[PDB]
Amino acid sequence: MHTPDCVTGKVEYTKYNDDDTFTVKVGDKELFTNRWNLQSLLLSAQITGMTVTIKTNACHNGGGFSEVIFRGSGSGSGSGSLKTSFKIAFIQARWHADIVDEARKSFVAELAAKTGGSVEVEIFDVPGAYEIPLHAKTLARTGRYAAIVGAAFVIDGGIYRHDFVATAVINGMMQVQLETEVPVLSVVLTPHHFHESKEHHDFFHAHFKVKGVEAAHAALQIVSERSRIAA
Amino acid sequence: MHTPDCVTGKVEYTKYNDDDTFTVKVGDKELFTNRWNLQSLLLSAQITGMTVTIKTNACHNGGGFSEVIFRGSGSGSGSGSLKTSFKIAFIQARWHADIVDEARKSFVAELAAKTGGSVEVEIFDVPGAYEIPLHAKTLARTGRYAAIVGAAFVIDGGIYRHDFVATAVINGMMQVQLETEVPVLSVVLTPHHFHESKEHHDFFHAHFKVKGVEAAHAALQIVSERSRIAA
Amino acid sequence: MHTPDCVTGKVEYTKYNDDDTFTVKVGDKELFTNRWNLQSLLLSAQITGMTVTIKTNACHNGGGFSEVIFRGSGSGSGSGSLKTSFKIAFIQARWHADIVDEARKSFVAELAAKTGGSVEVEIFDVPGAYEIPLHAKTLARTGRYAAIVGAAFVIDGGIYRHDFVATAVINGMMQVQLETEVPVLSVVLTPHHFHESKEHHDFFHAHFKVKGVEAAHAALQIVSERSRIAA
Amino acid sequence: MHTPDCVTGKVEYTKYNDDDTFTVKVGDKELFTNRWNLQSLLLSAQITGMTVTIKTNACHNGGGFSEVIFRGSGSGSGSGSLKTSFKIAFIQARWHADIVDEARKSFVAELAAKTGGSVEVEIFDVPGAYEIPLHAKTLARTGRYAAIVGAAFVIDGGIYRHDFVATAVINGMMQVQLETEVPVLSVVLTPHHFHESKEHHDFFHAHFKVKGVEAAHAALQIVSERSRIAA
Amino acid sequence: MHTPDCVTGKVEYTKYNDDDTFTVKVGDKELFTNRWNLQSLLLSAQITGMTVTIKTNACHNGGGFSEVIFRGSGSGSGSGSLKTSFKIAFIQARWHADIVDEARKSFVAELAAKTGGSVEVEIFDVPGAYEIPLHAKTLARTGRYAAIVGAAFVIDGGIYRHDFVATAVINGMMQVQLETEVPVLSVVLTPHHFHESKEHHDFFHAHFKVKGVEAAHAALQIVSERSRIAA
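Protein chains in written order, with the entry's author numbering: chain F, 1 to 231; chain J, 1 to 231; chain I, 1 to 231; chain H, 1 to 231; chain G, 1 to 231.
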């Protein structure tokens, strides 16, 4: 009931001691309980990934407790302060890096101008576009990010067919988005023609800035809309 | 058994007290029970998302009870009154908004004319068509909606290939439809040619009204058919 | 052990009474038991969707029992008598209804001629082809049907691209078929050219009869083959 | 422990008797135990599909036991003797049967010549290529087969588009392969042109023999490789 | 608590003895415990695939124990020493083997030159590209590999359409990647034109070396990046 909180977070593990006591590690402190039903409750919570809150006056490793709060506290991964202070993960392929960097710089500059520094952008590098969905899924499952942006330049090199990889990447990004319930913005673009001539390079080098600005606006709007409909 | 109902709804959490009593939060009131088997029953119901109905004369927080109704009551999310009074969620992209707004207005006007105000339409904005499947999935899991409509105008801009995004959006909408068992109507249209000329603008501006009317009729018919086959 | 059966079917709900007794609703009658281990057994069976059979002399609501048959009895949904007497669900879109009706009539007539009335066909209407996979999934999960047939006419109208919807519908029908282990026959056809001229109308109006006869033969053959390999 | 084995196999069902004893059906014999913890153990094993081995001197229905081996024994479905003596399931569509039969005969003859009769081939008929993935999935879950081969001839008839069905069939075969962990060989072929002329018929009639020989070699190689990497 | 470790690993099976004792096989030694709650704990850990560590002075089969470590130890499959010493699995199809061998040799030579022998490459053979996703899924689930590379040469033979198989293979590789959380590099290439002439053979024979070097660099970079973001 009424007792100051000591630890709050997902159960790392549930241990059984020699004295028929249930030792459960919550947060940075290990605590043990002597209630037999609490053993099954903590085991089920750990199995189902349900967080518990243990409040006791002995906030130390190995301390005893008898009152457990099973109310929602995050159930594991989770982060975020206020509503306009969050983080965004930017994943960029390293093929045609001089063009993707334009979009990245435009995105970062526009976010800084709009939010005034309340939104933080983290940059991650991958070899190619095929590596983006798995990296996005790995980053999304840790919480810590309100949105994820993937940037790549997939072109037809004139030797091998390129549509298979682009289709797979787009489908995988959509699948990760639906799986993790975390928005994923797509800046993976496939031009109709790119013959690596001087004229082609300048055009897309200039256009990726506009693409980055559009992506920044879209990310801000979608995060705000999700926050609003989340009541 | 025979006892006036106090609370009815999904179990928010199941708490263990110091006196070996099981505190379960159902509805807006917290109640506790002293039956050891009821502890396991409530834990399993919460784990499997099975709703319970607790009836007692002490309809207040912390009250005691011994009789629990495990009959179906919604199992969490759920809404809807009668059969012709429901709600529809309309999701519209903001690219080429002047054309999509025609379909939205036609849809709303036709629904108002047909149902006479019994059906309510709620409008949600997303940056682009790529953001529609996740928004639809998020809205579907809350109940509260008998159908979901997604409207977008995906065109070929003459610079980048556009079929990947359209394919991903259609496939994702179908996947969400199959996952959540909630109908999703598609007003995501891809014209053969759109060169942003004056002639092209007027034609589709006019055609989206017909598209919206067709979507309204389809939504009404599909909701009625699902209600009928649900016995 | 040896006791005449009273109720056989899936457990609707498991109720705990004030006298530490487990009340379980099987079939149309509610019964209660006083075995503590039977409480956990029935709870697990309801959680895992495992049917139980309760045989007792008190075949009435609220009666007591002690012997439970946990042998396979259907595990919920299930229907079917003999091997040549089953039911088929026919789902038809309402776009170009005058052509789809030809296939439906041919299918019904051929089934009546072949089986002699042992096979029953039920007709369900949907607005368009996009609504077919969800309706098929909903109908398949109730048992009651040995096969499902979906009929639609998806054409290129000359304004919007149509391949996305056709691909989504075919993939969704395949996914539902693999998910529910119920055969789904496809009569969703996309012609190379259809310009709504008089010549085009008559040709497909005539061809859909042959398509329906072929679908009827295929459905009969596949149902017989599945029955045979099911040992 | 040390006791001669009586029955070994998956638990068909777990029954509770009137004398607080747990009756479990393993293999062709029904046996009961009086250990309360064994009741929960057997219930969990049946729920999770974990096989148990019951050894007792009373190898008869209704006999008692107290020692249970929970070591891996198959967990349900499973078959196979030695490493070069297995079975293969051949699924053939009945469209253009005169061409598919060439591949089937070539496959069977090559397998007989190579293995000398150690490998057995079973033939299953389906109406069309659309029926292959579900049949393959149904056959795979029974064990009893080290590989599955699907043969069909999908052509463009000049009236309706055919790529949707071929794409769905190939994707479904891959999905079943990944789901059931059973190799599925593809002999579903789509020619560039087939106008049902005399010249076209002979060419593919001759080529399907080579296709069948290639499929036989591939099946043998893949089964051997999986056996090798399975340690 | 404080006791030297004896066995650490996933629970192979949980056995119940005649003396109401729970025998659990961890690692290469079998041990039994007399704690009733430990029986349920070990059963749940085996069901959920949660590893346990048993530390006792009787490090032998059939020994007794009372203290169990439930802390994370691998939960089953898992391998890897340091951060620059890992293993890579190379899967190569046997169609056009003389071209794929160039990529394999280039990959191995570049890895040996870069890592100096700290990274080990294992080569697995499959009949065709269609067999790659299942082999990759089987190899990934055993741990033991930080990345998987699939190499194949899918060409248009001029008789049958080839895009279905390539699309299925790429999609399946992406699906396995997302399922198993193990990176999968794609060296499955489809040229625009390959007419088996002398000129075509030499060009791709030379280009596959560059492809292999690129794949080696990409694999090293992605493994390092995943290790870095794993904190």
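Quick reminder that beta carbons are idealized off the backbone N, C-alpha and C, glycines included.
query, result
"Proximity below 9 angstroms, CB of J/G172 to CB of J/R104", "no"
"Ordered list of beta strand (DSSP E) runs contained in the region 139-223 of chain J, each at least 3 residues", "147-153 and 184-189"
"Proximal chain F residues relative to J/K137, where beta-carbon distance stays under 7 angstroms", "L178"
"Limits of the unbroken alpha helix (DSSP H) element including F/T56", "Note, F/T56: premise wrong, no alpha helix (DSSP H); not H, not E."
"Classification of J/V169 by the beta-carbon crowding that lies within 10 angstroms, buried from 16 upward", "buried"
"Residue-chain proximity (I/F194, chain J), Cβ-Cβ < 9 angstroms", "no"
"Per-residue burial, I/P4 [other beta carbons within 10 Å of its own, 16 or more giving buried]", "exposed"
"Chain I contact residues for J/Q39, given Cβ-Cβ distances below 8 angstroms", "Ordered by position in chain I, no residue passes the 8 angstroms Cβ test against J/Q39, which lies about 10 angstroms from the chain."
"Closest Cα partner of H/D156 within the set H/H2, H/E122, H/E30 and H/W95", "H/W95"
"Within-9 angstroms CB hit, J/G80 to chain I", "no"
"Through-space distance from H/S66 to I/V24, alpha-carbon basis", "30 angstroms"
"Chain J within 9 angstroms of F/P191, Cβ atoms only", "yes"
"Chain-ordered residues of the region 53-75 of chain I with a beta carbon less than 9 angstroms from chain H", "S66, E67, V68, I69, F70, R71 and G72"
"Distance, F/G76 Cα to I/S186 Cα", "45 angstroms"
"Collapsed DSSP secondary structure at G/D125 in the structure displayed", "strand"
"Classification of I/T33 by the beta-carbon crowding that lies within 10 angstroms, buried from 16 upward", "buried"
"Simplified DSSP state of G/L42, which is helix, strand or coil", "helix"
"Cβ pair F/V119, F/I88 closer than 9 angstroms", "yes"
"Inter-stretch contact (C-beta, 8 angstroms, three-pair minimum) for the region 190-197 of chain G and the region 134-154 of chain F", "no"
"For J/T84, the three-state DSSP class (helix, strand or coil)", "coil"
"Neighbour flag for F/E12 against chain G, beta carbons, 9 angstroms", "yes"
"8 angstroms CB neighbourhood of F/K137 in its chain, flanking five on each side removed", "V176, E179 and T180"
"Complete runs of the alpha helix (DSSP H) confined to the region 62-112 of chain G [at least 4 residues]", "none"
"Cβ neighbours of residue 243 of chain F in the same chain (closer than 6 angstroms, five flanking residues each side left out)", "Residue 243 of chain F falls outside the range modelled here, since chain F spans only 1 to 231, and no answer is possible."
"Inter-residue Cα distance where the pair is I/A230 and I/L139", "22 angstroms"
"H/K10 in three-state terms, based on DSSP", "coil"
"Best match in H/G158, H/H201, H/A215 and H/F124 for proximity to I/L189 [C-alpha to C-alpha]", "H/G158"
"Three-state secondary structure (DSSP) of H/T33", "strand"
"Separation of I/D101 from I/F208, as counted between CA atoms", "9 angstroms"
"Residues that H/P183 contacts on chain G, provided the C-beta gap is smaller than 8 angstroms", "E131 and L134"
"Beta-carbon proximity check, H/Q221 vs G/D125, cutoff 9 angstroms", "yes"
"Any chain F beta carbon closer than 9 angstroms to J/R94", "yes"
"Distance CB(G/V68)-CB(G/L38) smaller than 9 angstroms", "yes"
"C-beta contact flag for G/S40 and F/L42 at 9 angstroms", "no"
"Length of the line joining the Cα atoms of F/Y160 and J/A218", "44 angstroms"
"CA-to-CA distance, G/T14 to G/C59, given in whole angstroms", "18 angstroms"
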